[PDB]
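Listed next as structure tokens is one chain, alone, in the form deposited in one PDB entry.
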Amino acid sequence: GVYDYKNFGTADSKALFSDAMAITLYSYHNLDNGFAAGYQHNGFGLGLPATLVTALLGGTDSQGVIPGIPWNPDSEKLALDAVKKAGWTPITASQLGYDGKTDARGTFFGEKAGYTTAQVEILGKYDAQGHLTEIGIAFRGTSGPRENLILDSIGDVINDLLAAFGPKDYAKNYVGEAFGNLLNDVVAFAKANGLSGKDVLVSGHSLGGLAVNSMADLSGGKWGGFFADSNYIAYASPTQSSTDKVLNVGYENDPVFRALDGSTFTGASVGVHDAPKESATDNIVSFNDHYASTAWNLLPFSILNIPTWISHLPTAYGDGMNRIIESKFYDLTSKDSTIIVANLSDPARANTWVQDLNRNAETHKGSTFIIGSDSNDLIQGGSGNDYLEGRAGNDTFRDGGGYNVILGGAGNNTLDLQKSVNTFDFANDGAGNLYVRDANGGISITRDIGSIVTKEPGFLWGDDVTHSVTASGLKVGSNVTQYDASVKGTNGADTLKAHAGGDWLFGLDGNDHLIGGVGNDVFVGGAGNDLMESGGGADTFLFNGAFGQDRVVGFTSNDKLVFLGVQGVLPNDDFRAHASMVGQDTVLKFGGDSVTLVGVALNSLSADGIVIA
């Protein structure tokens, strides 16, 4: 998964992640709530003035920067309710025996001159019998309490500037100078509750992402080494620690994120700074109204260009990245997977195609994941290999080519092929998958998409035609575009045999024996350990999901293997990364799943006969 961490598996990494996000969101106390709401209703162009009104005064359903407006919700109490729902309760200065500053909310404040506008939250996770099981440490980014916002922010900005322009280790020592004492009292508190360093999660966003990396840098030497094996997940940090301890998560179009290298100011710092970084997720795009805008991007991408900071705001971090966590494609992803997160306003969502523009960023490689919203989206895949997820709402998909998985989600979803129905082949396995094969051999596996739009010039001489996806073909009323010749199996073990003319063969679940003929067949073994025999001709073998340990017989020169939505594909992996000889057979391994090409020598294979997506 993109957020895999240390040697925690997929699931434990995600749980860690969601906690870090939750405690990071709490540390801001819903300050950008008003912005988020104003933006969602108004956008970031014509209606940007109105978005900004809401950023300051919120509305009936949001609180902006100004406190005590009666018709606003109590966003701060919602912020506390939210963190508790996640399992976290602030630990009082009283429980730690801390003699430093806190405010009425229990927020801890930096200890030394020049660090007094620093903020951190210390939080506990308690079990059923009420024992402490985990400590959360969330460092607040730039900004402070609504009561002292401007003055507090000015302090933070001096600190930010010192990170870039001051003592060489300024950023590294930030947490030592700000919370050295608080953290000794935290070490004592954990000990007293039977907790070690492994039971501590450290998070924060922006300046607080800097703090995360600071503590990681200091953790080997300070606090008696107690925090050395703690969990560090930082969001939108300008810096990266010199350790291997920190997961640095951000949107590649957030200009704050990785602004420094790892704390060095460079020429890149005030422009695009998108070089690959070991600690960072390199390729996550917040597809927001700014990113999508042609007008906005006539201006230079720069941390100095304030409008670009929309991509920095923490609510879109929490909302967009949560949907990456929930995604059906999640386990396909890794740290540097290209992922496009639908983050448009309501009015831009109505007329803007979410797509990989690759704006202001190094060239994206490998497959692309586009993650929709729970509202009606317009999603456009590229000409390469795509994973498009609609989620809820009535979504419409386009895609430019290659090898794709398109999941409609809930709602009434539509795939717009933009071309004549006659340039495609359709098949359906009877188990919720519609296969679309285009004139170039690219295959899309589609689910929950009930309408296909095609352009028919020589029926509508100037021309969209809408086909329903049914068990008997694609239908325009009573008129049928037939699926390609198929043999459908069951979720039991089946023997399936192709006709001489070629068939799509659908094992579905169970260990199936698929017997090709002299024709060009398409083999979909399905889940389970399948035996597939070519029988001659130019055959396609397609592998998707947790496909099993398959055996392929009679595979030749003119045959194609297709891997799509399978485990362990690093950006731009080719077949060689997954292939070995075992005996006389070539095996291709994808996570725990495998294909054995019986009697085929590794050296006879060509990347053009082997598609990895």
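Residue numbers here begin at 1 and follow the sequence given. Superpose the two forms; the largest set of C-alphas matching within 1.5 Å is the rigid core.
One more form of this protein should be noted, the form deposited in another entry, which is absent from this view; the next part is about it.
Annotation: the position in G224, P167, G430, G114 displaced by at least 2 Å at CA between the shown form and the other one, with the core superposed, corresponds to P167. Annotation for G58: C-alpha shift of 2 angstroms or more between the shown form and the other one, rigid core superposed. Relative to the superposed rigid core, the position of the CA of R146 differs between the shown form and the other one by 2 Å or more. A movement of the C-alpha atom of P73 reaching 2 angstroms or beyond is seen between the shown form and the other one when the two forms are aligned on their rigid core.
One change in that other deposited form concerns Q63 and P347, whose Cα atoms lie at least 3 Å farther apart than in this form. The pair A55 and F109 is tighter in that other deposited form: their Cα-Cα distance falls by no less than 3 Å compared with this form.
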